[PDB]
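What follows is a single structure, written as structure tokens, with notes after it.
Residue numbers (UniProt numbering), protein chains in the order written: chain A, 1187 to 1304; chain B, 679 to 886; chain C, 18 to 30; chain D, 948 to 953, 958 to 962, 968 to 974, 979 to 1017, 1026 to 1041; chain E, 295 to 309; chain F, 1 to 648, 659 to 827, 833 to 1068, 1078 to 1217.
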């Protein structure tokens, strides 16, 4: 129920500079992503989708990043289904926010255009 | 050439086969005249009947409504041209109430006694660019208008039992009431008549 | 007697 | 070309002699109880115009009217 | 400004 | 920290242009897309000048634009695809002067997504359907129709989706009235992602596919699909149906191909190359833009190549099919983003950077013995056609539109000792680049200047006859005598005008048709047409003080406050009015309103007293000289003038007053009643202000002269007040003649001059100084006030490499074959001007660079340094090393052998120069090698900070090289900029945002103590205070990062938070501008203004970010913004709060571009919004205009 409150409070203060409270509450909402009960699991996802539009896609990607390639499938698929929600809702804004992956032996992974200097 | 306010007169006539069609055409002609009165000039319509004149203004307002106010908001500013003054006189013993909010105003003997003077005061101070009044307005107390235009060129003669063309003296008086010498250097007038009488009204207002 | 000519002109046909 | 029909209308009904086509050219004209068109050939209106421009001096349009801005909300 | 409610007169002062 | 955003100069670069009959009439307009703004431009046919009719800000990214006609339709609609996830259809309303949204249909999510349509937009040439598609796998067709009330109707979308498929271009095919076709440059990446060897990527090929909209079955079917030989990049619709064959022209690299579905074989023509070209031979050639000219007779295409060469393309049809393509060199014009052949024989080239041009087509290319290439001309295996470029033959330049795009660098400074600062900006690409100096005010051009014997009091202009278009006489007055002149080709004093030369005249004008009036302190002199003269001597001792003259009525004020006026009765002779009017106090100055055209005379006379009150007087015969309305004033008045402005109906009547203080008061005056309403004061200049009526654009503007002149006029039915950028003037008046139709005669002390204001409605006037390559940075030498500019280009030749390359080619012409050396002589001799024929392109890794020392006032190059062929300048500093003494040095950081994709560099150098001769000259001192490109150099407490790559170093000057001390090695990526305050250093990482580093002296070390929590692609930065940094990204947004109050920089060198510094900085402002900002600077713009943060975008825009000083202002502006987001939503279907929160949520900024669209709403909507703010719409406009006034222009 507290996650439902966060979802609805998050969307109300969108555009008003209340992001420090919301980011503080993200620190409490986020460990509940490994819950398995469906009611609790969909309230948490609703809270995160509300928070994406209030504190931005960049923060939400910064939370997911470390677990997208984690060794356990348990942590991984939960993390991947948060990532997909961020991707669907804000696919264009994430262009500026992806990390830098280095080149390996045969594939190049640096986005060299952004590295351009005028 | 000695008319104090020079007179530029334009004559419009209907060659319609059917009278029914002609009546509709006359209304359209009035709208065209109204557009010219778009600027800071005074328009005034003299109808054949006093009752008709009252309905005339409402019809003109309706035409303006649909025509996206083609000629509305004549005053440069919202509060300009004594808009507030018109607003102040909310209630009148006449139909003036609805009329006061609108630009056009109509004055006739039929309405009242004092509110005629109260309308004349409103027109002098530029309350209303377009007003409709009976010939008795031209023959009575003297006020001019930048441009005048009688509609349909017809009058009812109880002596003749039927409808007859307006008398030359009546026209001379009502068209001699267009363009104040002090108010404007020159004036215009528009006589809308039947084409058959169109020759006649030229032989008058120029000395033939 | 002061007399002068316009150094520059502004016109287009 | 002076004989061309848009029954049909000349710019008449068919004889017992003989659907996309709407224009026709015909040899001979005859009556019994009616107007009868004889020995005919299908012909597009546009083709006739190209040949005889002076004498003669299809569109795909959408069926349904759509919505205006007022009807949409 | 005015005396009654200290409204901005902007110089505007009328008969 | 609450900021307000304002736009001073809108964007000027052009992305799209469409031409059409948008107004609905004979006239043709252009609709340009400036990225974020949609503008309507109408070019004059006879005059030839382009006029901007409309400019509306859409708050979105306009990604495609087309013009659309319904069948048998006169007016054209504008179809806009944007990032909003919807498609809008707009109609221009000329009576209202605004775009009107007709349809808005929603299909997808917003942003520039990869699969949501919006990128490509194609219309059916008859007007029955429109097709919008994304880059890949998503297309949608809308069917457009007309109902019985002639209104546009839209249908539901029909979709054509094809997975795994890329679209390069989509164009609608001109099939006559058959089912609408759309052609596409598709590609399928499905096979290529499943081949580990990589062959399938190599040999997959682009196809052309035709989609048919089957109007019978209401669905879109993918008909024809044919592989192409090489990859095309765009398509041209060949006009078809009755006129021409229906096909598509495919432009590809080095080829132009005609294709059609059916039995027609494909027809290919190579593109002609330039003969003896200096480019790299490996580079291919493509077409960048095209345009079609369809007459009723025939048709041709104009397609421009990368180098600027425009070719005519004409198709030859052998009956039903086409047989060859013919291709003829037309001209060379700057490289364009769009060309529009207007119907009246003009060509509108919108350059992709720099200024835009409007040409007139003199001749189509059909004469003058010029070879014409063809696809039928049989050509050998390898080699191609050649042509010889030349100056303009077919086109004449008629108009040029100034564009600041791209502002690469900016500096707001006062380098020219006038009190207001100017903006020094560097912009342009390659040869066409330039340093521009922008000032605030109208450009003023002077026709003639002439000496005068003594100081002149006043100047008037007199017309012989009211009907005459041009003026006859010029009157000048001195302390003791009046001097009278007759204009013409030559202006010389004439003595027979009938004017009095004995006593100083107070006014001269023409009452009536031909009568003439001269009023002087002795009396009033009236000159008939037939030159008989009448005198009116003043009665008694008292003499005329001040006079106001109309076309028919004259008012004079005797000493002691007596008023007299004369009226022109029909006899033509000024008749005095029977009774004079006493007045309480003596009158300083007065004015009489210009007579209305129809009316006999003007009702209102404004007299200004010495009691700081102005009283309106009535001139009606019912009440002649009776008071109407009085306003009090802070200071005594100098001059009044009553004008009518804003008329196209009739403009509304204004009273302009000037005071001793220097403030100008523009006050409503009611025409019928005479009750002054609202007075918006403005402070201009420092001396008493004097008001004179003048005529601009056939409209009645006012000129108020103080310490600097200020002209108040109405433009696009909107009032303006901008100061003439020209010296102070004593007196002025209107002037008209054959040499200049609308000008000002102005007397400054001991001189007379004629002035013409060529450009009106502008905010900045500019001057431009040419450069050679793109300017990267510049610095100001503090003492000399010069500029040191570095320029660099990739793909470029320096001067010397070009000369050697050319000599090698001339050797090669001889080695080919006895007459040839003669040709090679001419080849060495002729020089095509590089700013109009392009610059030769060299290859990857080829870098031309230059240091230049420049005088900002005059524009001349004081010194020039040319660097080696693969050495590229990236940073510059001017500084005094404290150890060596007072001696300026210039440091220039240079990269050696830089490749961009993939990045690699061979090294770097830092060049040291000394500044000798008070900044005239650079003397090379040494060159010191660093191992990565030195991208930022910053002077820092007698030494310099150099960031080489990811390493931050302190350097000190040694005699053989620069010397390294205390380098830091913990910055994450490449360093791109360095700022300092005190012992704090703010380093901008290329993607790691700001880092705060402290330099402690007695340990000699640089220590990271703070940073940021976001990835940011930083382009620039500027320090707002000791704790705050403003920054900007490549993605188009500005942030303001503050440092929290507890932080100490006393950190001594493990833990860290979040793989970074232990202390984090708080982001306190985010704002998405919309266009990439490359320059932030905190400055004051006007004298006696407050500070602001000024930014200049790449696209050519200039804005400010101004902080609110109270909560009451902040609440007012926030409420105005929140009302307008719902009442007046953005024109392309985007959300405003969502637009400004493109990458990070918007924080602490009120968008003032949205707020100032209050004045563009409808009056019922303005009244409805202003109810809830508890204010009337004049008060809301006044508060919106006050904040702009006290910060900016």
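In this text, a Cβ means the ideal position worked out from N, Cα and C, and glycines have one as well.
- Taking a 10 Å sphere around the C-beta of residue 532 (chain F), we find fewer than 16 other C-beta atoms and assign the residue as exposed.
- Three or more beta-carbon pairs drawn from the region 454-465 of chain F and the region 747-762 of chain F are found closer than 8 Å, and the two stretches are therefore classed as touching.
- A Cβ of chain E is located within less than 7 Å of the beta carbon of residue 686 (chain F).
- For residue 92 (chain F), the enclosing beta strand (DSSP E) covers residues 86-93.
- Residue 921 (chain F) sits exposed, since fewer than 16 C-beta atoms from the chains shown fall within 10 Å of its C-beta.
- Taking every protein chain shown into account, the CB of residue 1226 (chain A) has fewer than 16 other CB atoms within 10 angstroms, so this residue is exposed.
- For residue 254 (chain F), the secondary structure class from DSSP, reduced to helix, strand or coil, is coil.
- Per the coordinates, the alpha-carbon of residue 899 (chain F) lies some 10 Å from the alpha-carbon of residue 958 (chain F).
- Going by DSSP, residue 848 (chain B) is part of the alpha helix (DSSP H) stretching over 846-853.
- Excluding the 5 residues flanking it on each side, residue 626 (chain F) has same chain C-beta neighbours closer than 6 Å at 618, in chain order.
- Counting along the chain, residue 309 (chain F) sits inside the beta strand (DSSP E) bounded by residues 309-318.
- Per DSSP, reduced to three states, the secondary structure at residue 971 (chain D) is coil, with no helix or strand assignment.
- Residues of the region 1281-1304 of chain A with a C-beta less than 9 Å from any C-beta of chain F: 1281, 1282, 1283, 1284, 1285, 1286, 1289, 1294, 1296, 1298, 1299, 1300, 1301, 1302, 1303 and 1304, listed in chain order.
- Around residue 629 (chain F), the beta-carbon contacts reaching into chain E at under 9 Å are 306, 307, 308 and 309.
- Taking the CA atoms as reference points, residue 679 (chain F) sits about 22 Å from residue 1191 (chain F).
- In the DSSP annotation of this structure, residue 1140 (chain F) is not part of any beta strand (DSSP E); the continuous alpha helix (DSSP H) holding it starts and ends at 1135-1151.
- Residue 1213 (chain A) has its alpha-carbon roughly 10 Å from the corresponding atom of residue 1249 (chain A).
- Using beta-carbon distances, residue 867 (chain B) does not count as an interface residue toward chain F, since no partner is under 7 Å.
- Residue 815 (chain B) sits buried, since 16 or more C-beta atoms from the chains shown fall within 10 Å of its C-beta.
- Under the DSSP assignment, residue 1187 (chain F) falls outside any beta strand (DSSP E), being part of the alpha helix (DSSP H) whose first and last residues are 1187-1196.
- For residue 1297 (chain A), the closest alpha carbon among the candidates F:1089, F:916, F:974 and F:1020 is that of F:916.
- For residue 942 (chain F), the uninterrupted beta strand (DSSP E) segment begins and ends at 936-945.
- Its chain contains 1101, 1104 and 1127 as the residues whose beta carbon lies nearer than 6 Å to that of residue 1119 (chain F), once the 5 sequence neighbours on both sides are disregarded; these appear in chain order.
- Under the Cβ distance rule, residue 982 (chain D) does not count among the residues neighbouring chain F, no pair being separated by less than 7 Å.
- Within the DSSP bridge table, the entry for residue 1131 (chain F) names F:3 as partners.
- At a C-beta separation below 9 Å, residue 1193 (chain A) has no neighbours in chain F, since its nearest C-beta there lies roughly 16 Å away.
- Flagged as an interface residue toward chain F: residue 1244 (chain A), by a C-beta distance shorter than 7 Å.
- Judged by DSSP in its simplified three-state form, residue 1231 (chain A) adopts helix.
- Nearest to residue 813 (chain F) by C-alpha distance, out of F:1097, F:909, F:278 and F:744, is F:278.
- Here residue 740 (chain B) carries a helix assignment [DSSP, helix/strand/coil].
- Taking a Cβ-Cβ cut-off of 9 Å, the neighbours of residue 1205 (chain A) in chain F comprise 1091, 1169 and 1171, given in sequence order.
- In the structure shown, residue 786 (chain F) adopts extended strand secondary structure according to DSSP, grouped into three states.
- DSSP places residue 811 (chain F) in the helix class (H, G or I) of the three-state scheme.
- Residue ranges of uninterrupted alpha helix (DSSP H) with 4 or more members are absent from the region 150-194 of chain F; none lies entirely inside it.
- For residue 318 (chain F), no chain D residue has a Cβ inside 9 Å of its Cβ, as the nearest lies near 18 Å away.
- Scanning chain A for C-beta atoms nearer than 8 Å to the C-beta of residue 786 (chain F) yields 1304, reported in chain order.
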